[PDB]
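Here the structure is laid out as structure tokens; the discussion comes afterwards.
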Number of protein chains: 2
Amino acid sequence: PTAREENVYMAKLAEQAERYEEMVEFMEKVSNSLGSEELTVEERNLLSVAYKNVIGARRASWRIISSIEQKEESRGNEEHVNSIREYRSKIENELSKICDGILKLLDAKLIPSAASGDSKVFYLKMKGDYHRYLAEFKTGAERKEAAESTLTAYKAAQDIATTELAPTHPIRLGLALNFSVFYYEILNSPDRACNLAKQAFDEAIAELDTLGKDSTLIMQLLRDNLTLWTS
Amino acid sequence: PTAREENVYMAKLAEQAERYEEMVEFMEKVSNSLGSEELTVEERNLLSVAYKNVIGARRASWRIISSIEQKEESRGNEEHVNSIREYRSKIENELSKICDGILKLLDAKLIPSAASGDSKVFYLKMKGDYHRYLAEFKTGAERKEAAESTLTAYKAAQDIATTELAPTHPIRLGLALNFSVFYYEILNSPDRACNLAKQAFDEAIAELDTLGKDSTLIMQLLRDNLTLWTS
Ligand SMILES: [Cl-]
Ligand SMILES: [Cl-]
């Protein structure tokens, strides 16, 4: 009944109880426990689901408070806008601590332990993902650097994915989705976004057509975003 | 742009962002701010929605971890049961801190400030509600005392409601729902539960039939639970 084994189970209990911050803490220990070896596919995904839910909540709050702010500033009410933005600052604070936690873990333990193509792309995609969440709310040179780190991480992830994983591989397809969402939402470049998404979609269909749920959903998402961006 | 006014708005922003712990903190200040006067109907409900969501999450987690525990102990796996129960203890810890926070606030500021029948019943019902949440997981003499405080609070709430508020009043109907749920779930007495729920339902319909959404839902709930308890 090892510690690592104990933490993984605890993480799954946290997942069932929807106490994601705690789920993160447990998978954080697991990650910091091993040294030479890599996290299992299950462990790697538990950690990823944990952080996704932790940051997802704050991202949703942010979008809502951000929208209130937009409506109130255009309505002229300034006392309200100050309170809104003060509330947003607090949301942005957690977003920064959260991204910082997983990004540090990626460079210190996860990326260095990646021994296969699945592993490396997954972790590099995750790295791009969290620098992308920072860019969603940053503005000055901060946004610039967050945007830069995002592009660097995704390009690296794609170089490995494009050559080592199948076109229909869910991690590769997810990387394409996120990478293209990055061009569209952050770099406000729907041109580069559609080209990338279309290419990934086409390669997947080609493969599916010649030599055959995750891939199906991702591909539908790519499709939805593809048309949605053609307006 | 007063502080109280500022906190109430902040609470509403927290509600939109679904940061309930924070929503509680803001309404906690509002409550502790006034002295002679009472919370508005809006304020009183913001505080109530805040705590409901804060405790609701833990109650849902508890029910889930509690179920895992039940399945694993009957399966014989003891190492798992220890981890489950350890996780539950942590959930129960928050449940106790949460109830304790609102119960203290009720006896110190809220109950003492209640100047009308709406006010008094609302706060006494809330008091019964939180002693009831404690009883849901307690077991020894702890459960006994939690159950006792619950019954005392509800009886007091009902004496006021039965004589000062209309049978169709949502707070009175909610008190009946919760009070009857208490007899059934905590006191495992479906007899006393149905009698109470039926009486409240009948009085409401009588009133509705002679001298005319919240009341409609509550009444449906009373109905659903009424039949559901007839098995
Ligand atoms: Cl989201
Ligand atoms: Cl619940």
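Letters A, B, ... mark the chains of the structure tokens in the order given; residue numbers begin at 1 per chain; ligand numbers begin at 1, in order shown.
Near chain B, counting only C-alpha atoms at 8 Å, the chain A residues are residues 1, 6, 10, 13, 16, 17, 18, 19, 60, 61, 62, 64, 65, 79, 83, 84 and 87 of chain A.
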Using DSSP on the backbone coordinates, identify all residues within chain B classified as helix (DSSP H, G or I); present the result as a PyMOL selection string.
chain B and resi 3-17+20-33+41-73+78-113+117-137+141-164+170-185+190-211+214-228
Non-local contacts of range 124-129 of chain A (8 Å; only C-alpha atoms; under 4 positions in same chain excluded) as a PDB file with C-alpha atoms, in the first residue's frame:
```pdb
ATOM      1  CA  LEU A 103       4.285  25.391 -15.352  1.00  0.00           C
ATOM      2  CA  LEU A 106       6.319  20.870 -16.048  1.00  0.00           C
ATOM      3  CA  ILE A 111       9.060  17.594 -19.255  1.00  0.00           C
ATOM      4  CA  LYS A 120       6.537  14.790 -24.639  1.00  0.00           C
ATOM      5  CA  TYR A 133      -4.430  31.072 -20.137  1.00  0.00           C
ATOM      6  CA  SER A 149       6.016  31.267 -24.547  1.00  0.00           C
ATOM      7  CA  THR A 150       2.727  29.814 -25.818  1.00  0.00           C
ATOM      8  CA  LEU A 151       3.882  29.820 -29.446  1.00  0.00           C
ATOM      9  CA  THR A 152       7.261  28.335 -28.545  1.00  0.00           C
ATOM     10  CA  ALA A 153       5.661  25.512 -26.542  1.00  0.00           C
ATOM     11  CA  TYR A 154       3.087  24.646 -29.210  1.00  0.00           C
ATOM     12  CA  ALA A 156       7.844  22.351 -30.119  1.00  0.00           C
ATOM     13  CA  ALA A 157       4.855  20.145 -29.323  1.00  0.00           C
ATOM     14  CA  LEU A 175      -2.828  20.183 -29.679  1.00  0.00           C
ATOM     15  CA  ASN A 178      -5.689  24.458 -28.845  1.00  0.00           C
TER      16      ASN A 178
END
```
What separation in Å, quoted to one decimal, exists between CA of residue 28 in chain B and CA of residue 134 in chain B?
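Straight-line distance from CA of residue 28 in chain B to CA of residue 134 in chain B works out to 20.7 Å.
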Interatomic distance between CA of residue 205 in chain A and CA of residue 225 in chain A?
16.5 Å
Which one of B:53, B:159, B:77, B:98 sits closest to ligand 2 if you count only C-alpha atoms and all ligand atoms?
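Among the listed residues, the smallest separation from ligand 2 belongs to B:53.
Excluding residue 146 in chain A itself and same-chain residues fewer than 6 positions from it, the residues having an atom within 7 Å of it are residues 131, 132, 134 and 135 of chain A, counting only C-alpha atoms.
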Selection from above, N, CA and C atoms, as a short mmCIF file (atom, residue, chain, number, x, y, z; two decimals), in the first residue's frame, can you write it?
```cif
data_model
loop_
_atom_site.label_atom_id
_atom_site.label_comp_id
_atom_site.auth_asym_id
_atom_site.auth_seq_id
_atom_site.Cartn_x
_atom_site.Cartn_y
_atom_site.Cartn_z
N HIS A 131 0.36 28.84 -20.65
CA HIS A 131 0.91 30.14 -20.97
C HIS A 131 -0.20 30.85 -21.75
N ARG A 132 -1.06 30.06 -22.40
CA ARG A 132 -2.17 30.64 -23.16
C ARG A 132 -3.23 31.21 -22.22
N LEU A 134 -2.65 32.55 -19.41
CA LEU A 134 -2.10 33.78 -18.87
C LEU A 134 -2.35 34.89 -19.89
N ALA A 135 -2.09 34.59 -21.15
CA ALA A 135 -2.29 35.57 -22.21
C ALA A 135 -3.75 36.01 -22.36
#
```
Just give me the gap between CA of residue 162 in chain B and CA of residue 49 in chain B in Å, one decimal is fine.
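Between CA of residue 162 in chain B and CA of residue 49 in chain B the gap is 24.3 Å.
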Tell me which protein, DNA and RNA residues are within 9 Å of residue 30 in chain A, counting only C-alpha atoms, leaving out same-chain ones fewer than 6 positions away, and put them as a VMD selection string.
chain A and resid 3 to 5 7 to 8 39 43
Hey, can you spit out that residue selection with N, CA and C atoms as a CSV table (one decimal), in the first residue's frame?
```
chain,number,residue,atom,x,y,z
A,3,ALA,N,2.8,4.9,-0.9
A,3,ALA,CA,2.4,6.3,-0.8
A,3,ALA,C,1.8,6.8,-2.2
A,4,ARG,N,2.6,6.6,-3.2
A,4,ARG,CA,2.2,6.9,-4.6
A,4,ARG,C,0.9,6.3,-4.9
A,5,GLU,N,0.8,5.0,-4.6
A,5,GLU,CA,-0.5,4.3,-4.8
A,5,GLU,C,-1.6,4.9,-4.0
A,7,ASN,N,-1.7,8.1,-2.9
A,7,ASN,CA,-2.1,9.5,-3.4
A,7,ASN,C,-3.0,9.4,-4.7
A,8,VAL,N,-2.7,8.4,-5.5
A,8,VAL,CA,-3.4,8.3,-6.8
A,8,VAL,C,-4.9,8.0,-6.4
A,39,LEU,N,5.2,9.3,-15.2
A,39,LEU,CA,3.8,9.1,-14.7
A,39,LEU,C,3.1,8.2,-15.6
A,43,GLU,N,-2.1,8.4,-14.4
A,43,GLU,CA,-1.6,9.5,-13.5
A,43,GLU,C,-1.5,10.8,-14.3
```
Compile the contact shell of residue 44 in chain B as a list in words: residues with an atom at most 10 Å away, counting only C-alpha atoms, same-chain residues fewer than 4 positions apart removed.
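So, after excluding close chain neighbours, the residues are residues 27, 30, 31, 38, 39, 40, 48, 49, 110, 119, 122 and 123 of chain B.
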